[PDB]
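A.B. asks: Dumping the structure here so I can ask a few things about it.
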Amino acid sequence: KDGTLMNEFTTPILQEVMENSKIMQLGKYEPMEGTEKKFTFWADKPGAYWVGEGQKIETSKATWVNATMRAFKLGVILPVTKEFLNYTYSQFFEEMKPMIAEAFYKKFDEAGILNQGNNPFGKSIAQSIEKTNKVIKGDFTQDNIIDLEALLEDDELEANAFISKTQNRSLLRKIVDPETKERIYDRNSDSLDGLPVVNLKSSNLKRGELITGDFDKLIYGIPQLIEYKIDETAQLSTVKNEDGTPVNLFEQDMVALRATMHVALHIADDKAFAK
Amino acid sequence: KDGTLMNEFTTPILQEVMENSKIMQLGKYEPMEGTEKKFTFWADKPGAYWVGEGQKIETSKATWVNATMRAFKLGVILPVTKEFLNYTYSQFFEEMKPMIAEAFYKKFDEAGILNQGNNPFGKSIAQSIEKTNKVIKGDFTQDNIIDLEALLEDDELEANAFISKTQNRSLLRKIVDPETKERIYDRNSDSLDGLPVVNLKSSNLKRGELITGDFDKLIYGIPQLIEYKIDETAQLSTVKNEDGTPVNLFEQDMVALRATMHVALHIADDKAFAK
Amino acid sequence: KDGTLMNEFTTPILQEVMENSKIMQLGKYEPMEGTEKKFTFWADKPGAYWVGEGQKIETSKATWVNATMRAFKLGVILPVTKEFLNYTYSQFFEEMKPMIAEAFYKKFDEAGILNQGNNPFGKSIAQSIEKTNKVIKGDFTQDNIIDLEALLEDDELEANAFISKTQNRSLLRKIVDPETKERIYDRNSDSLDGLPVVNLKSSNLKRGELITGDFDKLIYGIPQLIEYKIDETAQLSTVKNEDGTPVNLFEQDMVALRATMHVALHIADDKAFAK
Amino acid sequence: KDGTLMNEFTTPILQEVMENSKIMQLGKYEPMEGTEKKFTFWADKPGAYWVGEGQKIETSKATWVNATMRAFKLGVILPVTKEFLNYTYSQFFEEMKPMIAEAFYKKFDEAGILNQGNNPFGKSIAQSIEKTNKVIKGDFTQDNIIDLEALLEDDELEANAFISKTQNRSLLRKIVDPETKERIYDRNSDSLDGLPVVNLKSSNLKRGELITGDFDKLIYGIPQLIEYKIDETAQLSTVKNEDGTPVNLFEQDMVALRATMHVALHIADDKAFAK
Amino acid sequence: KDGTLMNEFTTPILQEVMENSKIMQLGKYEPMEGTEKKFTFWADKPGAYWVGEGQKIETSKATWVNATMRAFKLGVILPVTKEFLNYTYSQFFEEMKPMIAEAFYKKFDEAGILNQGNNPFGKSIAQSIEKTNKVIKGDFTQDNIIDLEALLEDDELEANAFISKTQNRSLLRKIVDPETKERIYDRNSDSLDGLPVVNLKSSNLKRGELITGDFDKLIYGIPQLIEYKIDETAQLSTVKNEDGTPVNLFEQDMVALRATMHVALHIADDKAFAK
Amino acid sequence: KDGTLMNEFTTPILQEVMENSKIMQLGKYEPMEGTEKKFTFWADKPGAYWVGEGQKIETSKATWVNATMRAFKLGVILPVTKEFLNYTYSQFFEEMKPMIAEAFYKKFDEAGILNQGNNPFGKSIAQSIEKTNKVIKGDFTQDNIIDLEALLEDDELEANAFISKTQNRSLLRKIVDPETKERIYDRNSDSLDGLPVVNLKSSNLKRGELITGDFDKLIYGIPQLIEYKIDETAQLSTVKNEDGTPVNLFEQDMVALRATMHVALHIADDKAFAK
Amino acid sequence: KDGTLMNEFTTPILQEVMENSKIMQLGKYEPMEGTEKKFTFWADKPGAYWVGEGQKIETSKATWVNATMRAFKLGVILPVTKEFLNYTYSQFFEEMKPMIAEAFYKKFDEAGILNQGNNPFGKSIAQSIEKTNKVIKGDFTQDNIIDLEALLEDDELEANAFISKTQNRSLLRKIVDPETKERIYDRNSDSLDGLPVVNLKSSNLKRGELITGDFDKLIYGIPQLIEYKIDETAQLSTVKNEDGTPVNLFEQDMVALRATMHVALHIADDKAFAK
């Protein structure tokens with residue numbers, strides 16, 4: 001069990017959607033360190049004569065919580081000896097240094113886009129649904145999607161683009177208005193009211209389109225580094241038993257990433273509710 | 001509390017609120033205390049040739065009380081001490097003068113278009129609801145929006161621009177007529193039915209566009225500051241707080257912007273009512 | 001009486017009603033001395049190898065209408081004495097030449113609809129409704145508006161222009177036809193109706209919309225006149241004995257305009273009535 | 001009694017009546033005193049290796065009628081004295097020859113296109129409605145208008161041109177269709193039907209479309225010279241007493257016209273039903 | 001009595017009906033009256049370590065059919081005596097060959113389009129509708145016309161051209177269509193559902209949408225004059241012979257046409273039915 | 001009964017349409033039986049200054065099917081004696097190789113896209129559509145057609161064209177989009193949204209189109225092999241009766257062309273709702 | 001002659017009428033439609049070194065009343081014929097306009113000072129009767145005249161000149177008493193209390209002297225309308241008595257002016273009372 005030589009390559013199933021995950025979130029400006037904060041609150045009070053009204057404005061909301069990339073894998077442990085012996089599995093791990101790094105890049109944006117993904121904690125849509133009642137309950141319609149865009153507009157803002165899941169994109173494109181097109185019906189993605197939609201692969205989102213405005217994407221950069229020591233799930237091949245093993249044999253490259261997502265005031269959400 | 005070495009940042013909202021205050025209201029400039037407005041009506045003569053019938057009416061309108069801009073409080077006082085010590089906070093104090101100037105029009109629009117803190121006797125919606133009930137009850141529709149414009153135009157007038165809210169912006173986009181697909185909100189130009197309409201973004205207005213013809217903007221400018229003594233004083237952790245608290249040293253920045261608005265006694269409104 | 005300063009004079013409202021009055025109801029500015037005449041001829045015969053019988057017609061038309069003039073009188077009584085002392089009241093009567101012109105144009109255009117002073121041959125709409133039925137009680141419809149235009153087109157000649165009030169203009173824009181291409185509304189063009197529509201603000205019409213074939217308008221009259229009262233509506237100033245008679249006046253400015261309205265053969269009529 | 005100086009007829013209805021009276025309604029006009037039209041019916045019979053029998057016969061129909069425009073009575077009698085004295089009335093009588101020429105077309109169309117105007121040697125829609133019916137009377141609708149074209153195809157198998165009536169255009173425009181085309185005419189389109197035809201003035205027919213395809217209106221019509229003796233109607237009063245009609249001195253212009261209409265059993269007529 | 005007289009017969013609208021039969025069929029001319037075959041094709045599907053099993057064989061259909069063109073009877077009896085004395089009636093019988101050819105095409109088309117026309121064995125419209133429900137029963141609709149083509153597509157056959165009638169053209173135009181464009185009878189291309197449709201004169205049944213795929217055109221030729229012996233349709237006393245023998249009279253003018261048509265079960269003709 | 005030689009060949013306008021069915025689906029050809037496998041996402045870490053997660057996906061995919069062109073005997077029994085004696089039926093069996101190839105393309109597509117056979121079985125497009133439940137309930141409408149194309153583009157890559165069944169193509173031709181453009185129809189090439197829709201002759205597919213772009217199509221080659229010794233009996237008789245097929249010359253040739261198809265869950269299809 | 005005049009002469013004692021014009025002066029001259037507001041005293045107190053406490057006040061004047069000068073009665077009618085015929089009397093009427101200008105100033109000053117026949121509310125004697133009486137009169141005395149100025153000084157007001165009638169001037173200057181004080185007379189003008197004062201020609205009582213402090217002068221000019229209309233209001237006797245109707249003949253000129261005197265808080269006035 002676990003240890004066979006065979007040619008394997010991953011293509012356009014998850015890696016294609018991974019590269020555009022944070023770009024769909026619209027990461028306006030990438031900061032060096034997690035210290036980006038908004039200060040303006042805007043204060044004024046109108047009187048008439050012989051009166052002095054006071055005004056105060058001071059705010060700071062910085063986002064800094066690094067999320068690591070994938071370490072040495074249990075499946076790659078059986079393939080590590082195949083990497084040393086054959087050229088096929090070595091090129092597979094070298095392609096993984098970009099493919100699985102993109103998967104770590106995908107899950108980092110998914111932490112903000114979905115509440116179930118916990119890494120950044122208190123960022124984008126994950127913080128939006130809990131703090132503000134922006135999510136519309138029920139079936140996503142052409143009028144309901146514009147009503148979802150109203151929730152993003154309610155906090156003195158405007159929605160840029162709506163992030164769509166693999167199953168949520170079908171339900172959004174199915175709905176069409178009484179007279180207006182709404183569902184595009186040509187080649188382009190179906191718009192909620194006017195703004196274009198971008199696809200983002202998610203595990204939590206199934207029905208309804210969530211829209212994000214201004215939430216920054218800033219990172220140290222998801223890389224790859226070859227190492228000998230990594231503690232995870234135990235793996236054994238022949239004449240060996242592993243219980244507290246980490247440093248003994250090299251399985252896969254311990255990739256390093258330090259990513260952060262800037263928190264927004266209000267971002268739109270949509271979900272199907274049944275009782 | 002400390003309050004030292006901080007970077008002040010402004011979000012893209014103050015620039016939009018300041019420009020739309022008088023532009024949506026169509027406030028004509030007048031260099032006088034209060035306001036003066038005129039209205040005239042002439043009479044016609046009979047069919048038979050002998051003598052011509054005279055008597056012609058002349059009516060005048062005036063507005064009172066110009067709302068003054070609010071001075072800086074304890075929040076800006078903590079930053080002004082940092083402005084004297086640090087180079088970065090010194091430019092922030094001058095930027096605070098410009099931000100409050102934008103907020104001065106924001107309070108003027110709240111007093112002008114809405115009845116949130118009425119400084120003038122005719123406050124668009126307050127002038128409508130008290131004198132002539134032209135407001136349409138119920139949900140906003142494309143047929144109902146033109147009918148709302150019909151309510152203002154019936155009393156010898158014409159609808160120029162409908163003041164849009166944050167929730168009303170996307171509510172107009174959702175609205176569509178039985179035959180006509182026109183709504184105008186997602187596009188660069190937004191109109192109620194045909195004639196151009198600008199968004200006001202007010203705390204008092206909840207849902208529904210409110211049309212208005214002519215108004216006034218007088219003697220308005222920007223904040224004048226040098227050295228000011230506070231009267232009431234907001235509660236703060238930094239520096240001493242007292243009942244008769246004022247500062248001789250640089251802490252508070254004074255403001256000077258007085259403006260008054262006149263009503264034509266014919267303006268439309270829209271609001272949702274529960275069945 | 002009070003008195004008070006005139007300050008300023010309005011022009012904005014009267015300017016729109018003055019220009020559109022003569023062009024309304026398909027107006028023709030054709031020069032006529034005293035009265036204009038129109039004639040029509042008809043013949044009918046069929047037969048062979050026998051005596052022939054023929055017929056001939058000669059029609060006569062008359063249009064005799066007098067000038068519309070208005071003095072300063074009881075209406076501008078507080079401004080008549082104020083003309084000698086204040087600069088605003090003196091310039092008011094000179095500017096009233098264009099304001100009373102709007103009133104002189106107001107009665108001439110209203111005579112086509114109905115009006116109190118019927119200078120013309122009855123009324124261009126009332127005599128047309130008595131000759132041919134076109135008006136329907138209830139509510140004006142978009143399909144019915146095309147039928148109303150066809151109602152004038154059926155008798156004698158095809159209709160070109162449809163006259164409408166300010167309240168009717170907003171009501172016609174609210175109305176939409178069964179086909180998308182058929183309905184024009186407020187969104188497309190200045191005119192709501194399909195055919196050429198002219199705005200005429202009058203108390204006699206008040207939401208009706210009636211069409212006309214072809215009617216002529218001939219106007220000639222200078223606005224320069226000054227005399228010591230003739231009509232006398234109400235007493236002025238109150239300081240001397242005896243009040244009522246038109247004898248002895250301090251200041252009065254009269255403006256005359258002699259205009260004759262020529263009757264059309266066939267026109268349309270439409271009015272709304274509550275059930 | 002007493003008529004001088006003033007002359008010239010405007011002729012608003014006579015100008016358009018001459019164009020589409022017989023020219024639009026009928027296909028071709030081939031000049032003859034008694035024109036004859038022919039039609040052949042082909043025979044066909046199929047069988048298995050036997051003799052083929054089938055009688056084919058050609059049926060011909062002749063049309064001969066002379067409808068001349070007569071010299072005018074009563075009206076021209078007062079005008080003849082004015083023609084001899086004044087140059088204006090003499091030129092008016094020569095222009096009346098061209099006006100009566102249009103009236104001769106009006107009398108020809110009344111008994112040629114319309115049902116029973118002068119009843120000039122039968123034919124017209126009157127012959128079609130009595131012998132073969134083909135009218136299908138009812139309410140004027142979009143389905144009923146197509147049924148009029150279908151009635152011509154059911155009896156003779158020939159497509160018919162649009163109606164030449166202005167009073168029927170009012171009933172035609174009021175009709176609404178499920179399709180976007182609607183078919184209304186007058187507002188933008190020349191004709192509601194498939195083919196294009198101009199509306200003509202009707203004296204006998206009140207309401208309903210007069211659609212006819214293949215027809216013949218052969219004519220030899222021209223204005224004739226005025227003679228000394230004529231008797232038709234009322235005699236004119238002057239210095240010498242006269243009661244019996246003979247003219248003697250006064251002259252009225254006649255016309256020599258021979259117009260005939262040919263039938264083809266393909267004409268549409270609509271009539272309103274009320275019980 | 002039937003008196004012989006010199007008269008030229010008109011070609012009328014019947015001359016265009018000749019080309020309709022072959023154009024609606026859209027089939028190649030076969031060298032002789034025989035048989036046309038079509039393959040059934042297709043074999044059993046995929047399988048490893050298994051038997052192949054049998055496949056379908058080609059099936060031939062009957063293409064040869066008996067037909068006859070009728071000769072002129074007692075209808076051309078008065079014309080035969082006029083042919084001997086005058087050159088006009090003699091040239092009329094030679095020109096009647098083209099008229100008889102139109103009748104010869106009319107009999108062939110009547111079998112393919114209708115059940116009332118009896119000539120060909122196994123009617124194209126009648127037998128196909130009886131064997132399988134392809135023809136629409138009830139009200140004529142634009143959506144129902146596509147449904148008739150869909151019934152033909154169920155048997156793996158695409159409709160090339162729709163068989164149009166003069167009565168059916170007005171019925172198809174009156175039917176409401178979901179599309180904003182709308183074809184309506186004929187404009188330039190004339191389409192029933194999508195592809196181009198040809199008009200055909202049909203006295204039998206009529207007033208219903210018909211569609212056709214591929215029907216055979218066959219060799220026959222035109223008229224062959226002999227002027228001897230006849231079956232005799234009308235008996236008469238002096239104009240025609242009582243006994244069917246014709247003796248030596250040249251009223252016969254024999255015609256030769258033995259054509260045929262064979263088509264697959266795809267063509268269907270809709271018919272109106274009363275509830 | 002009766003196995004007589006006819007010496008007649010039947011082909012074209014049936015075999016040509018079936019050949020373009022399976023190849024138009026667009027898939028990469030593979031040398032041996034076995035599909036290309038792709039790994040599905042590697043797991044990621046969430047925390048900083050910790051061990052990190054380690055998991056990688058293993059790729060798995062397979063496609064194995066051996067297709068064959070069937071040897072005919074059920075219909076080739078009479079044709080076997082005709083092939084051995086006459087050159088026409090012998091050349092017909094060689095031309096039947098192109099007919100069997102059409103069946104080989106038909107069986108490859110019908111098992112996948114329509115699930116008529118179980119050749120693909122596991123990797124069948126219709127079976128995958130049932131497993132995914134992406135099918136739209138109801139009639140094939142313009143709104144449903146755009147939703148069907150979007151259903152594939154949401155889950156995976158956007159499909160090129162929706163696979164038609166000719167009968168479904170005609171029903172979809174009746175439906176047209178909201179914008180001024182007809183969907184598919186019969187202009188030049190039928191298209192669902194982008195690329196040209198491939199019509200496939202199917203027994204299972206009748207109404208509703210399935211959209212698949214990334215579906216594999218691979219074959220061993222073309223079907224051509226020798227004929228020797230009888231197998232699988234359906235019908236065999238001429239002079240002596242037989243129960244089981246053995247001995248003598250073969251009726252039609254069994255031909256080898258092993259084809260297999262792999263799927264990636266893209267097809268959706270549409271089913272009509274019945275109550 | 002009664003009405004007829006040959007030689008016209010200028011009016012005697014012209015300097016006395018001009019002296020009354022200059023007498024109506026105490027508190028400047030300002031031209032307006034009504035009365036202009038004059039600000040209060042506003043005093044300030046020294047108090048101490050550090051604390052700065054004072055007072056500021058503003059007073060307002062009510063805007064009312066304007067001047068008028070009317071046409072002369074009876075005597076003007078005699079002068080009307082003389083002015084029209086002779087150039088010398090016409091120049092005398094223009095010189096009479098300057099004499100009536102002196103009378104216009106005389107009327108406004110006299111009615112304000114005595115009898116209260118002015119339109120102006122609160123002036124000299126009318127101001128004393130409404131607010132507070134300063135001096136009581138019975139017998140003319142030197143001590144009583146000094147007490148009148150002391151009564152005005154008690155309400156904080158300094159008098160510059162005491163205007164009085166010609167009958168009261170001699171009584172105030174010279175009085176039989178024990179000791180005489182303050183008279184002047186020989187220097188420039190006779191004094192009542194101890195200041196130089198001008199006497200005005202007015203219809204006033206001989207017993208009782210009046211004193212003025214501050215009263216505003218206002219004017220709009222003199223002699224505006226020269227040509228007179230119909231005379232009816234004035235009582236005429238010369239040449240022809242006018243009561244009802246009168247032709248266009250100028251008798252006397254109409255003069256236009258506007259006067260309003262500012263109401264003083266303290267003004268001295270004395271009125272005679274019986275014992």
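By order in the structure tokens, chains are A, B, ...; within a chain, residues start at 1; ligands start at 1, following the order shown.
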Report the Cα RMSD between chain A and chain B after least-squares superposition, pairing every C-alpha atom in order.
C.D. replies: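 Root-mean-square deviation of the C-alpha atoms: 2.5 Å.
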A.B. asks: For region 37-53 of chain G, please output as a ChimeraX atom specification all residues within 12 Å (counting only C-alpha atoms; exclusion window: fewer than 4 positions along the same chain).
C.D. replies: /G:27-28,30,32,57-64,156-157,214-216,260-265
A.B. asks: So that I can check the surroundings of region 164-168 of chain F, please list as a PyMOL selection string every protein, DNA and RNA residue that reaches within 7 Å of it, counting only C-alpha atoms and ignoring chain neighbours fewer than 3 positions away.
C.D. replies: (chain E and resi 150+153-154) or (chain F and resi 171-172+197-202+205-209)
A.B. asks: Within 7 Å of region 110-119 of chain F, counting only C-alpha atoms, which residues qualify if same-chain residues fewer than 4 places away don't, as a list in words?
C.D. replies: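 The neighbour list is residues 46 of chain E; 65, 106, 124, 125, 126, 127, 202, 204 and 205 of chain F.
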A.B. asks: Taking N, CA, C and O atoms for each residue, export the selection above as a PDB file, in the first residue's frame.
C.D. replies:
```pdb
ATOM      1  N   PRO E  46     -22.181  -1.298 -30.482  1.00  0.00           N
ATOM      2  CA  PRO E  46     -20.909  -1.682 -29.870  1.00  0.00           C
ATOM      3  C   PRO E  46     -21.011  -2.894 -28.942  1.00  0.00           C
ATOM      4  O   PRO E  46     -22.060  -3.125 -28.331  1.00  0.00           O
TER       5      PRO E  46
ATOM      6  N   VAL F  65     -14.028   0.939 -24.142  1.00  0.00           N
ATOM      7  CA  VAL F  65     -15.137   0.425 -24.951  1.00  0.00           C
ATOM      8  C   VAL F  65     -14.642  -0.032 -26.322  1.00  0.00           C
ATOM      9  O   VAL F  65     -13.828   0.648 -26.956  1.00  0.00           O
ATOM     10  N   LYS F 106     -23.393   6.914 -35.114  1.00  0.00           N
ATOM     11  CA  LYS F 106     -24.708   7.011 -34.472  1.00  0.00           C
ATOM     12  C   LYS F 106     -24.744   6.326 -33.111  1.00  0.00           C
ATOM     13  O   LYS F 106     -25.285   6.881 -32.156  1.00  0.00           O
ATOM     14  N   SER F 124     -21.074   8.270 -19.842  1.00  0.00           N
ATOM     15  CA  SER F 124     -22.138   8.659 -20.769  1.00  0.00           C
ATOM     16  C   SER F 124     -22.687  10.037 -20.404  1.00  0.00           C
ATOM     17  O   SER F 124     -23.013  10.290 -19.239  1.00  0.00           O
ATOM     18  N   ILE F 125     -22.780  10.912 -21.407  1.00  0.00           N
ATOM     19  CA  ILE F 125     -23.165  12.322 -21.233  1.00  0.00           C
ATOM     20  C   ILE F 125     -24.584  12.520 -20.690  1.00  0.00           C
ATOM     21  O   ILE F 125     -24.819  13.421 -19.880  1.00  0.00           O
ATOM     22  N   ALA F 126     -25.512  11.677 -21.142  1.00  0.00           N
ATOM     23  CA  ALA F 126     -26.899  11.694 -20.674  1.00  0.00           C
ATOM     24  C   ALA F 126     -27.031  11.105 -19.269  1.00  0.00           C
ATOM     25  O   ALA F 126     -27.856  11.570 -18.475  1.00  0.00           O
ATOM     26  N   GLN F 127     -26.222  10.084 -18.981  1.00  0.00           N
ATOM     27  CA  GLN F 127     -26.159   9.461 -17.655  1.00  0.00           C
ATOM     28  C   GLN F 127     -25.502  10.380 -16.622  1.00  0.00           C
ATOM     29  O   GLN F 127     -25.883  10.368 -15.447  1.00  0.00           O
ATOM     30  N   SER F 202     -31.412  10.471 -33.513  1.00  0.00           N
ATOM     31  CA  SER F 202     -31.551   9.700 -32.277  1.00  0.00           C
ATOM     32  C   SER F 202     -32.989   9.268 -32.010  1.00  0.00           C
ATOM     33  O   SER F 202     -33.935  10.017 -32.275  1.00  0.00           O
ATOM     34  N   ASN F 204     -33.812   8.020 -28.784  1.00  0.00           N
ATOM     35  CA  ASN F 204     -34.006   8.419 -27.388  1.00  0.00           C
ATOM     36  C   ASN F 204     -34.243   9.924 -27.230  1.00  0.00           C
ATOM     37  O   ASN F 204     -35.097  10.338 -26.439  1.00  0.00           O
ATOM     38  N   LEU F 205     -33.485  10.728 -27.978  1.00  0.00           N
ATOM     39  CA  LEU F 205     -33.627  12.185 -27.975  1.00  0.00           C
ATOM     40  C   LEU F 205     -34.712  12.627 -28.956  1.00  0.00           C
ATOM     41  O   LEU F 205     -34.665  12.283 -30.143  1.00  0.00           O
TER      42      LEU F 205
END
```
A.B. asks: Can you list every residue in region 32-211 of chain G that DSSP puts in alpha helix (DSSP H), as a VMD selection string?
C.D. replies: chain G and resid 77 to 85 87 to 113 125 to 130 142 to 154 166 to 173
A.B. asks: What are the residues of chain C that have an atom within 7 Å of an atom of chain B, counting only C-alpha atoms, as a PyMOL selection string?
C.D. replies: chain C and resi 8-10+65-66+68-76+99-100+103-104+107+117-119+166-167+170-171+174+179-180+186-187+230-231
A.B. asks: Could you tell me which of G:11, G:248, G:21, G:241 comes closest to residue 95 (chain G) if we count only C-alpha atoms?
C.D. replies: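 Using only C-alpha atoms, residue 95 (chain G) sits closest to G:11.
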A.B. asks: So how far away is CA of residue 92 (chain D) from CA of residue 239 (chain D), in Å?
C.D. replies: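 Going from CA of residue 239 (chain D) over to CA of residue 92 (chain D), I get 24.9 Å.
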